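Take a look at the structure tokens below, where one protein chain is shown in two forms, each on its own, as structure 1 and structure 2.
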Structure 1
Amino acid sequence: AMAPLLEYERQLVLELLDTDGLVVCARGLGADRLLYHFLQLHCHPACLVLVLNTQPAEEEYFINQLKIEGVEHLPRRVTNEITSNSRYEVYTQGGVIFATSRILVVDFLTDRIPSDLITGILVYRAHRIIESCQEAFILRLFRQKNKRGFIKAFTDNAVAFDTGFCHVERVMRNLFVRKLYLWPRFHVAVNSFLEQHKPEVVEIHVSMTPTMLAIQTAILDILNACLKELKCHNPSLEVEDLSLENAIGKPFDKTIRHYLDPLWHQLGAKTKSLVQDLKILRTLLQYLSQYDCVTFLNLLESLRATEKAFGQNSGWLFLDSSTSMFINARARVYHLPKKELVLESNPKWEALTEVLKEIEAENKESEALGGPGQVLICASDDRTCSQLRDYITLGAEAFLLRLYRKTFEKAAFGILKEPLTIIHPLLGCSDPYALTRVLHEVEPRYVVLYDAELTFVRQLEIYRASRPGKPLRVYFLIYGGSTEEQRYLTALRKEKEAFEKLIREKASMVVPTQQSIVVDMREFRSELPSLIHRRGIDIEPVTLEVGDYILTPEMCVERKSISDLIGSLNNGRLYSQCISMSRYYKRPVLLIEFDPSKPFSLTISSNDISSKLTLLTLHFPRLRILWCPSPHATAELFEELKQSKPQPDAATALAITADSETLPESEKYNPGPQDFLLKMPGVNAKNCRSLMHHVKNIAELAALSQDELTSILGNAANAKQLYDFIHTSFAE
């Protein structure tokens, strides 16, 4: 029983199956539905396809949905559980494969995959496929080998192309597709089909109490002043993305760290605190809107105390507007005429109770549409869900009074057969398409959008239009004249402008020897192998025991990041690694790498990193160091460092282990016994030559008397410690 297609989806599916391309839907308009249609289309053992950007929950949901549908040869997930020697078989079976990215890059580069039998690839969240990504690397490899299969890319989120960083044409080139399909919400087909199956919706605007209005205005004015100051100090930060109405949203945090992280090496003292104050003020706005009053009072008092101790909130917390905020909060909880209390509750709870009363009265007589129908209350986070449950069960007065007292100083089995109310924490950021899942597990007659976002509105629209004859009623609770409303409206406007720009861009777009590098297997969680391969150097992954990259037969590069370098020097690993590299390779190299999104700066006492570096390079005179600002420069240096030398090879670099022989001129001693000797107590850097030259092996060292040990060592304490260590016993 294949999945029936909505009226507007058949045209889309036919277009995408005719030619490869990138599909951009309006937010929430069922991208998982299209992905699943293709998954069910390609479940045969005579063709294998791969799906790229999927979370485990989505994978499990798709697999189980196909299983319930009555399909054979379900898709498989490939992880560390199926080892390399056993992976090839599951590749040759066929069907849809949900492999991760590390596994896939390794298997593509090492040619452990029927890369001539792959028929195509399905990419989820194609707006994430930017250059310098693992999935871009996988696409590059597959297209270099196959050149015959298909590539179909899907995405919600037409906004993610609207930011000045990512470009739709650049991504469409990264995906090798060369064709753009746009299906917005105002498209004629989708709007025409959706306007016939509308759900009955009632939206309530609840007005906030005067003190809530006062606190919100005080917070907004403080935030406006702080933003003005932060902009004034630094004149580059004048682009419209950081306006006031764009700085009340959740996604604002990321954008600020886009502009200020590069310049955070030279940033001032003050402008390192105004950003914090922005963070706390946005947190305060969210706290005021979402949770109750005593929690707000507690948070404000915590801020006051912390400023009393460390002096953190100096830029505010003493102005007149902050004192207005404080007196308003304390007027919301306290009342001083030895104490007395008021404890008002925000109107959203009362509106929700009235809605629930109407629902219960309806269900009392609801018999015409079968039984009663169930209610689903979608909240914004787990804290709000728990608060709603506590409020509903206990009541307003007991809940508030117990919260105040806590925070401050004081039948065995059967069918339910009754309507249920289920509280669901939306968590819009994590996985937007979770409501749909709940909407299918428990089918509600009424949905109460307590905290609403655009994607959930579209999802409820689709869930209703997917069942032609069953109705539902959507309550839509929102605060009138608050930040909630403003965030919703800005989201609407941004989406519309992004789609218009995309359509205009497409409309204007229609008019137009061999060298290798043996790379360790642990290095593929990094951008460097991809950048090396882009130039035209092939990679041969292998699990080396000495070093990371083998540019030539005698050159072993060990890559170290700055934090890694400091940690390794402090621990003791780098010394052993250097001794091994110098023992087996003639021209070892240590490559110290910096991060581009960080200053190009490495920032007497033994604790000083320069001291350790100087000591290390003084002890290993043949060690060479390379400095590189970013992996993009490192790859070019790697190319320039092998201009005429011969290439390396695996199966001998992999054979450089402990049991192999060292360099012809590196050490006159056996590495094994020498390393074993230096660890037992009683032998130091200087004396070891004497015990090594006067004696043959460890066995002879065991048979010696303490007099000869005192003779050779020249120290009595060292000799006695040796004699105790060698000839002691466990039971003693």
Structure 2
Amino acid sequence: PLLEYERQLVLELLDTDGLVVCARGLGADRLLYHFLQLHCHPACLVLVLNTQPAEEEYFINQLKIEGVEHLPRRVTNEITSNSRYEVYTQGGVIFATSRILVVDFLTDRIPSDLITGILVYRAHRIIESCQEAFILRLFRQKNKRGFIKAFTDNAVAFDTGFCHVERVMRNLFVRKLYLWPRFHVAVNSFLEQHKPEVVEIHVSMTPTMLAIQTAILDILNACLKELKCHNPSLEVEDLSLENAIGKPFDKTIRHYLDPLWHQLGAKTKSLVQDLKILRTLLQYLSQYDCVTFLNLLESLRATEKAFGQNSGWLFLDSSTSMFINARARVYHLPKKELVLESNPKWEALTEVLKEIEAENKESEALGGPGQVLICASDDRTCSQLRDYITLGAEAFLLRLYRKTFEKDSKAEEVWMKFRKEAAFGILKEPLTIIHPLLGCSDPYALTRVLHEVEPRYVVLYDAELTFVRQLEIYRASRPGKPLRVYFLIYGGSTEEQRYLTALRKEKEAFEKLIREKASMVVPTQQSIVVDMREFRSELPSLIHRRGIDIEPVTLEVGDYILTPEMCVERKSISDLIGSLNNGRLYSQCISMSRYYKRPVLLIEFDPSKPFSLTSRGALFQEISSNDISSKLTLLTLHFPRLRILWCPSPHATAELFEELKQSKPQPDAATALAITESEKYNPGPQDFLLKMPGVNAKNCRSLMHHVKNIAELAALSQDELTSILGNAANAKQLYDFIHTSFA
């Protein structure tokens, strides 16, 4: 079916290959499905890179619905390596993960000359994920004939100053860029002839709910300013107060702090924890009821007393205002004259549902009754909405209050008065369906629900840009059937601010992309064994570029094997500090020295921002054991055979690796791999079984056969533990561990 502007886009992409940036929610899955339907042939094989299992299953099922033989097949690590060559020879669309594709391309267990193309969904991941760049470099190194089409929503991902569209565009080997924003003439003119009957209600917050938000925002602003003060390099505009409200703030704070985490300090990590807690406090305030908010507030103070997690801001003069306001929301102490206030959004939802039911009970004869779909943010909100509708405000709030707090009857009845002051068959009646949006996991899940149940009315209890665009596209797909979308938003809150910031960020990102596109218009063999987890970095790509091939295996001893007697552990300054303090590096050195004749430790420092590697304030004090320099000296003193390589960048590390093997023989896999039941004994509960006291290897291995699960493990008494374990002391220790309070 497609559309008009969508078919123009498809024709343009069937022309000279390139990458397509659409507006958030403008049916990128539809374009991917169109290309999959095009390439479901058995005489060709294309690879789709970044897709979720749910999206892949939906695509396969829809293609089966259409009546297509030779459906797409999914290839994952579970399939045996020799069997993976079978599905490649079968042709057709192949859903593959980055890791197995890297392994297959490097080991040449894939007909790289038979690949007719590659489709890169979510092409904005090329910016930071070095695996896909390596896959595309390897593919272009062998085929040079197949196509590369890339699709992406999230035009904001190119708006950050760290990245550049030209670099990622060159990584994809495309050389042509297609921009399809929401204000594009072809799409805007077409979407104006099939617009939905949107009606939005601006629900006003309670004055008590406003004070809580004001206090939380004050605390968040203070913590952000403190974080900026301690990290002058973090003064970037990406950490403004209006950006901390948004969803993707955690990703930016990780990108700016994760590479140098262990050298950050003590207060900075606590400040990041406070930022996360304040953001989840904002979410709880805007989303859930009053009793749940009070529960989270009180539990937050409970752990501060026990450990002191939030001691920085929990005792602030503004924080006490939040506690008092929450208590006034739930309690009233003059004996508890409970208030149990409900947030206004439920009343707006009730009014909307009443109007919808009135319309249905007025116009049954004009077709069917019509179905209503309610979209909420997550599962908790959906459950709360269903309980509120089925029970009522009073019963629901009383149930929550009694379940959590102390159950009272004499005080409860006083509040009630003040508040007042068939087995089988087709339903053939209006149905209300509550659906969790889950925007972060897979935004294109609202489209599947919309196509599964065709709703005459949609209530957007929680709204994001992608869902608005999806509802706009869904209506235009049916030119005759109308729908009315209700847009419930909290007036003058952080939800409205977040939505408006998303709007303006997308618009400015698309304008910047347009300008960037305009400006750019005119322009013997040797091997190294590389650990699998090391491909999330640029070093394996730079090593391969120098002309030496890579054999990727799972290495339990070291990251690189340059020679038969050599082993390199790659540690940055942050990871070196973390491993020295943790104690992992000592065990790694022990194993490497035991197994390899020439163990090597590689440290990658930063010439631009060097780290002192010595404790601050100890420059003039005595030698401190907690210092990193002292720990490094101790380690090199206890391992005289260990050799250390210092490199300033991954580019220099590759050169050193190439030079370090000038005449030595090459290594081989299955020898470093074999350096070091397994199929049984699920890794999940195995570690939990191992870590509690009373079990080293033999007693635990014996006991897990007798006991079906750890669920009933707590049921056994001390004597049964003595009988099963074989000892009474360890059994007593385990029983005391499993049955003890917090004291």
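For clarity, a rigid core is taken as the largest C-alpha set superposing within 1.5 Å between two forms. Structure 1 provides the reference sequence; residues are numbered from 1 along it.
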Original post:
Where does the C-alpha shift reach 2 Å or more between structures 1 and 2 among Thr384, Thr490, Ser466, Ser561, given a fit on the rigid core?
Top reply: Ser561
Original post:
With the core lined up, does the C-alpha of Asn697 move 2 Å or more between structures 1 and 2?
Top reply: yes
**OP:** Inspect the rigid-core superposition and answer whether the C-alpha of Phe186 shifts by 2 angstroms or more between structures 1 and 2.
**Re:** no
Subject >> Core-superposed comparison between structures 1 and 2, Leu449 Cα displacement 2 Å or beyond >> reply: no
**OP:** Taking the rigid core as fixed, quantify in angstrom how much the C-alpha of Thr634 shifts between structures 1 and 2.
**Re:** 4.5
Original post:
With the two forms matched on the core, what distance in Å separates the two CA positions of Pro56 between structures 1 and 2?
Top reply: 0.5
Subject >> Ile129 CA shift between structures 1 and 2 in angstrom, with the core used for superposition >> reply: 1.1
